[PDB]
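Just one chain follows, in the form deposited in one PDB entry, and it is written as C-alpha cells.
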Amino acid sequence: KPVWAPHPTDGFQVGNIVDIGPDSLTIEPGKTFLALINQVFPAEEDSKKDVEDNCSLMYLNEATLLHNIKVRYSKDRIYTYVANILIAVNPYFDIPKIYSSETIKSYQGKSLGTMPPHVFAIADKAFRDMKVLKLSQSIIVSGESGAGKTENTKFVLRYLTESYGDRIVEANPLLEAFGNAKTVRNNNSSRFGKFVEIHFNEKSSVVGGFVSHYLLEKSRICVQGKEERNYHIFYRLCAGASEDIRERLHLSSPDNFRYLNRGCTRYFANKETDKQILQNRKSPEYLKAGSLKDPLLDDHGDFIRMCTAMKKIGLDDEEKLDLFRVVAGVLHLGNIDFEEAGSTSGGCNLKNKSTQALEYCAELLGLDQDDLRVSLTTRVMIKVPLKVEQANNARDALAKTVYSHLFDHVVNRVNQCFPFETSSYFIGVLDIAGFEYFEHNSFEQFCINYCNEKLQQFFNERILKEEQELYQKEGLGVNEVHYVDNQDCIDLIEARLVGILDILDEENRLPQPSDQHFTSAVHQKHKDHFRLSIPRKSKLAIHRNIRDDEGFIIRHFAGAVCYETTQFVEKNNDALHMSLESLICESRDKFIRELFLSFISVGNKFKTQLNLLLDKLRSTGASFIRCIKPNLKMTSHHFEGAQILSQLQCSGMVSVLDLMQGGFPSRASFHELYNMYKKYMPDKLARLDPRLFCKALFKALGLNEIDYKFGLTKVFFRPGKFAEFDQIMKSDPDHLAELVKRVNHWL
C-alpha cells in the first residue's frame, strides 16, 4: 500500500516502503530515499476523491489532512471541515457563484455537514447556537497576512445580514479606504483590527451593528517602504477626485507628497481604468512602470465605489468633502520642511519652499498659518525654539494624531449608520492584522505578532485545553493530546516589570532613552529564555550582522522572527505635546474640532485593548475559521505543500485532528434533554432512566452506538452527527411531539 513520506517542498510525497532499517524506512517514490519510521504515514486508498470533513478520513494524520485539503483546492473547493472548525485556503481568484444570493439562501437553517463546507455554514451555526443556547457568539477568523481573514469576515457579515436582517455590508469600502494598505504580503492589508458585532432582538432578527476598531498602524501615515503604500484613501482620492475637488484641495500626483513619495506611488489599475485616470494624477514611477495589478483592487474604481457606499449608508456630500479635506490637510502638512536658523534663535525656520504647503495645510485644517508655524518650530516648556529634528517630529506627530482621529471618526460614523437602542444577543466577527514578517521587522510587526500570539492562545485554551478538561470531568476516557503551548512567549512579551513591553516603557522614562540600552536589558533580563534569541543565531543570512543590542529574535508560535530594535523607543510613545493638541482642538473648523514627562505607552495600549477584547470573547460561544495562505506570490492554483503544512501545524489544526480521532464536538445534559421531552412521553419510557429514553430517541433517529457516549452529566456526539444532534435539540412543541411519536413507532 502507498504511504506518505517527507518531501521538502510538497511537505509529503506518495511512495511505497521497499525496505526497513534500525532507524529508517526505505521509500520508493528503482529510486529510493530514507525516512524515519515516525515520519511515514498511511495514505487514503483513493487519491483522487476528497472528503468534506477531515474527520471522515480513514487515517487521520498531518499527511492525509494536507492531501485532502490539496485535492479539494485543485477542484476549487477552498473550504474543508475538521468537525465544527473550518479551514479556508485562499484561492487568489474569484470562484464563480459560491457567494451568490442563491448560495446564501441554500445555507439557511442547514446543520453542519448537510451542505458542502462553507463560511456560510459557520455563520449559520453561530446563529443557531445563539438561538438555541441564548448566548452571544464570536466567529474568530485567524491566519497570517494575506490568508483571507478580511474576505471571509465580509462573507460572514453578508450572510447574516442578508439572511436574518445591508448597511453593515455597504460601509466596508469606507473602513478599508482609511485602514487598509498595500504591503508586500497583501495588496489590501488590514492595518487595524476589528470586532464587528451584529445585534439581534428576541425574535432573532437584526436590529443594528457595532464595529470596534483597534490599534491603527500610525507610522504608515508618514512613511512606507518602496514596495508598499500609505492608506488606500490617499491613492483613491488622487486617482478619482474630480478636477474641482483636486483644485480645492490642492492635490496632485502622489510623487509630490513626502507622506506618499518614499513608498510606491503607482495606482492599482487595468487597461480600461487607467484611461479614466487624468494625466495630472500619474507619477513618473507610474508612467514608467505602469499600474499595479490585482484581481480585487483598483484605485479609480474603488474611489467611485467608496463614494457610492458613502451615499447609500447616509453620508451627505458635506461629510464626504470634510473627510477628503482632512486627508489633503495631512498630505500638505507632510510637505512642510525645516532648516537650521543658525545663531538667530538657535532653532529652525520653515524652508521658503514650504510656504505653499503651510498655506494649504492651514487652510484645510482651519488653522492660522502663524499658529501652525509657531507650533511646529517652538514649544513652551519658556517658549523655546525646536531643532530641525524636533520640528520634523512635531509635524509627523500632528499628522499621525490628525489621521488617527479621522479614522476614529470614520468608524464612529459607520456605527451611526446602523444604530440600535437595545438587543438580546450579538454575533461578533473578529478580524485582526495577521502574523507577518519582512526582510526588516520593527515595532509594528512586533505588536502585530504579539496580538496573533494572544489569539492563538485563546484557541489553545478553548479548543485544546478546555475541550480535554471537559472530557476528563465527564469521565469519557478520551486519549490526551499533548501540544506546545505559547503562554511562555506571551509572558516574555507582556509580563509585569520584566516583560519586553514594560522594559521598553522603562526605557522611555529614563533620562537618556536608548534603543541599545533597551535591547541589552531585554537580553540581560531574559537570560536562557526559550522564546528569545540574538540576531546572530538567525536561520537567515540577512540577520547575521545585526548586533546583540540592535535586535532580538522571538520564537513565535508561527515561526521565529528577527526584530531590529532601532526606533522601538520612539515608536512606543503615543503622546502628543500639549502645544500641538491645543492647536488642533482650537481649529476654526467645526468638523476638525469634533474629531477631538510626555509619554504614553503604545505597548501598554496593545496589551490593554487585547485583554478587553479577550474578556469579550471569553464571555461568548466561539467558532473558528482557520485561513491558510497557499503561496507567497498571490497566485491562483499554486498549492505550496510545505508552506501550507507549516500553517496547519502551528495553527493547531494537526493537534485538533488528533484529538478528533476520539473526541465529541456536540453535547448536552441528558437530564435536560429528558426534561424537555418529558411532557410528551408515554409512561413506558417516562418510568425508565433518562439515559434510556435518550438511547431510544437516538436509535429511532438512526444513530449507531458508536455515534454517541454518555458521560457523568452530559451525552456526547461524534463528528458528522450534527444533523441528528440539531434535531434532538429543537425545543419547538411540534418538533418534540414529532420525535416522541417516532420513538413510539420505533418501540
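The term rigid core refers to the maximal set of C-alpha atoms that superpose within 1.5 Å between the two forms. The numbering used is simple: start at 1 and walk along the sequence shown.
- In the deposited sequence, the stretch from residue 559 to residue 560 has no residues without coordinates, so the chain runs on without a break.
- Where residue 596 is followed by residue 597 in the displayed chain, the model omits 10 or more of the deposited residues that sit between the two.
- The question of which stretch, 432-440 or 653-661, has the higher mean Cα B factor is settled in favour of 653-661.
- As the entry records it, the average C-alpha temperature factor is higher for 201-209, out of 201-209 and 101-109.
- For the set 384, 622, 181, 522, the maximum C-alpha B-factor listed in the entry falls on 384.
- Highest C-alpha temperature factor among 646, 190, 280, 635, as the PDB entry reports it: 280.
- Per-chain ranking of the deposited C-alpha B factor places residue 331 in the lowest third.
- Remark: residue 56 belongs to the middle third of its chain, ranked by C-alpha B-factor as recorded.
- Ranked by Cα temperature factor within the chain, residue 37 sits in the highest third according to the deposited record.
- Ranked against the other modelled residues of its chain, the C-alpha B-factor of residue 158 as given in the entry falls in the middle third.
- Residue 127: CA B factor in the middle third of modelled residues in this chain (values from the PDB entry).
Below, we refer to the form deposited in another entry, which is not included among the displayed structures.
- When the two forms are overlaid on the rigid core, CA displacement between the shown form and the other one of 2 Å or more is confined, within 405, 110, 311, 523, to 523.
- Comparing the forms between the shown form and the other one, the C-alpha position of residue 53 differs by less than 2 angstroms, with the core used for superposition.
- If you fit the rigid core between the shown form and the other one, you'll see the Cα of residue 535 move by 2 angstroms or more.
- With the core held fixed, residue 142 shows a CA shift below 2 Å between the shown form and the other one.
- Cα-Cα spacing of residue 182 to residue 555 is enlarged in that other deposited form versus the present form (difference of at least 3 Å).
- Note: the CA-CA distance for residue 114 and residue 715 contracts in that other deposited form relative to this form, by 3 angstroms or more.
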